[PDB]
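Protein chains in written order, with the entry's author numbering: chain A, 4 to 286; chain C, 6 to 286.
Don't be surprised by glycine CBs; every beta carbon is placed ideally from N, CA and C.
Structure record follows, encoded as structure tokens.
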């Protein structure tokens, strides 16, 4: 089967705008996409080639003094498929052009700095695509749910995040923020599937069952986070993810459309080609 | 799925009788299929690589000390970055530690040559990939030639001890040199000049590599004589046919992982009880 492209851009239908509410989102929908799974798998393979070309241009431009770069931020509940999306996106790219960080629980060194210190260290360099599997937002989600910071601190964190994203954008970074949204039942279906497949027992974590008890608090944290931190220069996008195939192509199209907005082309030679060709031909 | 007739660990290995001069960079040793067959074998190899790497990692997470280090050396133009790209893309990047070694920083030049290499070796459960490596330090551009040959000899020996320690710690070391002809190198440079989308990539440096081509070939031969050991053999991969180099490198890697006898870890808890507990949440 052949590539059915998005009918409407996900920068548009998946954006968190002034209207937004996270309960209006259906985790089963495929917004902007009129094809089905077979069509999506075929789009995905085309997307990969497109992404490889456009990242390679970002990189080439960066090697020649362009300051532009890109930062993909993924947040989602466990099971929602961040790992798989990260792996897919990174694997479509040249790894020497990508800076992936999967933020784990903070180290003691990290806990003794402001919450952005560890994040700022990892922002992508010129010409790079940075991928954040989890991000600075962890510090207004898990911490909120579990009362590990008061309404005041949370408020300051929201403002710091926005100031941070604003600094990065001014320095050249296009920030693509994605939340992968699965339903509370989809998570259950997924944890059960880990227990039913022996190949997946090594991944099962009791910790994921623990936190189901806090599921609606997490949805609230997210929704507040989006009211606070979805801006014109760094919009949030919430991508229905109950269908893995759809989330993959929605994340990828977001990336391609962000990269296509940068007007990347291949650098001209900084030397004389005709002459250099002759030198090689005599080499 | 046309597979390897003979395993590349046999036919591509650097043993007792070895001569770089006798390697034909246009051959496809151990393989009897043609481009279209190699291209489908690769597609198959990717899925196998994904599974074996994930098993390596799962075992590591549960306290297995086994890991893998792929070391790739090659002249520029020879496909090394491309192959690294493809092999890493077949794996989950959180299970991979890729380092592309460049010219030493001043901090690095003030330590022994291995200090910086040591920093980057893979953890338990990880596949490490070295795009260039410790071998660069016994090639011509960081030697003062053989004016102090004692230093060089020291280095080959350092490299063996290092690879011996890593293997004692649990690393399977897979070492590959991609080998192209001098004429193929010319062809690929010229192609870089004839394709405006590759201009960014062209380096006058590589034309200098041409002048000293035979000298690089000799440095690699001495390297293979001195550091192809039983625990860390060298393999030389004809690479004028990119498609073959790709399937040879992965196959080396598949075979090495395959020899570690990996499986998925067993759950250390009552699966049935937990499932019930999940069902009631």
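Length-filtered (3 minimum) beta strand (DSSP E) runs lying within the stretch 131-200 of chain A: Taking 3 residues as the shortest admissible run, the stretch 131-200 of chain A contains the following complete beta strand (DSSP E) segments, listed from N- to C-terminal end: 132-136, 176-184.
Nearest residue (CA-CA) to residue 59 of chain A, options C:90, C:119, C:16: Ranking the options by Cα distance to residue 59 of chain A, first place goes to C:90.
Residue-chain proximity (residue 250 of chain C, chain A), Cβ-Cβ < 8 Å: Residue 250 of chain C does not count as touching chain A.
Local Cβ density within 10 Å of residue 67 of chain A, reported as buried at 16 or more and exposed below that: Classification of residue 67 of chain A: exposed, given that the 10 Å Cβ count is below 16.
Proximity of residue 29 of chain C and residue 243 of chain C at Cβ, strictly below 8 Å: Cβ distance < 8 Å, so residue 29 of chain C and residue 243 of chain C count as in contact.
Residue 265 of chain A in three-state terms, based on DSSP: It is coil, neither helix nor strand.
Reference residue 185 of chain A; option with closest CA among A:103, A:19, A:85: Residue A:85 is the option with its Cα nearest to residue 185 of chain A.
Any non-hydrogen atom of the ligand MG within 7 Å of residue 264 of chain C CB: Of ligands this structure carries none, so the ligand MG is not represented either.
Close beta carbons around residue 230 of chain C, own chain, < 8 Å, minus the five adjacent residues each side: Excluding its 5 nearest sequence neighbours in each direction, residue 230 of chain C has C-beta neighbours in its own chain below 8 Å: 23, listed in chain order.
Three CB pairs or more closer than 8 Å across the stretch 206-222 of chain C and the stretch 161-174 of chain C: Fewer than three Cβ pairs drawn from the stretch 206-222 of chain C and the stretch 161-174 of chain C lie within less than 8 Å of each other, which leaves the two stretches out of contact.
Buried versus exposed, by CB contacts within 10 Å (16 or more), residue 275 of chain C: Counting of Cβ neighbours within 10 angstroms places residue 275 of chain C among the exposed residues, the total staying below 16.
Residue 94 of chain A classed as buried or exposed, judged by whether at least 16 other C-beta atoms fall within 10 angstroms: Result: buried.
Beta strand (DSSP E) segment containing residue 105 of chain C, residue limits: Residues 101-105.
Spatial distance of residue 179 of chain A from residue 74 of chain A (CA atoms): Distance between the alpha carbons of residue 179 of chain A and residue 74 of chain A is about 6 Å.
Cβ-Cβ distance between residue 13 of chain A and residue 38 of chain A below 8 Å: In terms of Cβ geometry, residue 13 of chain A and residue 38 of chain A do not form a close pair [threshold 8 Å].
Span separating the alpha-carbon of residue 208 of chain C from that of residue 190 of chain C: One C-alpha to the other measures close to 13 Å.
Inter-residue Cα distance where the pair is residue 196 of chain C and residue 282 of chain A: So the alpha carbons of these two residues sit roughly 14 Å apart.
Close-in-space but distant-in-sequence residues of the same chain around residue 214 of chain C (CB under 8 Å, 5 per side omitted): Cβ-Cβ distances below 8 Å link residue 214 of chain C to 80, 81, 190, 221 in the same chain, with the five nearest sequence neighbours on each side left out; the list follows chain order.
Nearest residue (CA-CA) to residue 70 of chain A, options A:6, A:43, A:267: For residue 70 of chain A, the nearest C-alpha among the options comes from A:267.
With 16 other Cβ atoms within 10 Å as the buried cut-off, status of residue 233 of chain A: By the Cβ neighbour-count rule, residue 233 of chain A is buried, with 16 or more other Cβ atoms within 10 Å of its own.
Exposure of residue 263 of chain C, with buried meaning 16 or more beta-carbon neighbours within 10 Å: Residue environment for residue 263 of chain C: exposed (fewer than 16 other C-beta atoms within 10 angstroms of its C-beta).
Whole-angstrom distance between residue 5 of chain A and residue 193 of chain A, CA atom to CA atom: Distance between the alpha carbons of residue 193 of chain A and residue 5 of chain A: 30 Å.
Under 9 Å from the C-beta of residue 99 of chain C: neighbouring residues of chain A: What residue 99 of chain C touches in chain A: 86, 89, 90, 103, 105, 136.
Residue 212 of chain C at chain A interface by Cβ criterion, 8 Å: Taking 8 Å as the threshold, the shortest C-beta distance from residue 212 of chain C to chain A falls below it.
Chain A within 8 Å of residue 149 of chain C, Cβ atoms only: So, not an interface residue.
Close Cβ partners of residue 198 of chain A (< 8 Å) along its chain, the five nearest in sequence each way excluded: Once the five neighbours on either side are set aside, the close Cβ partners of residue 198 of chain A are 204, 207.
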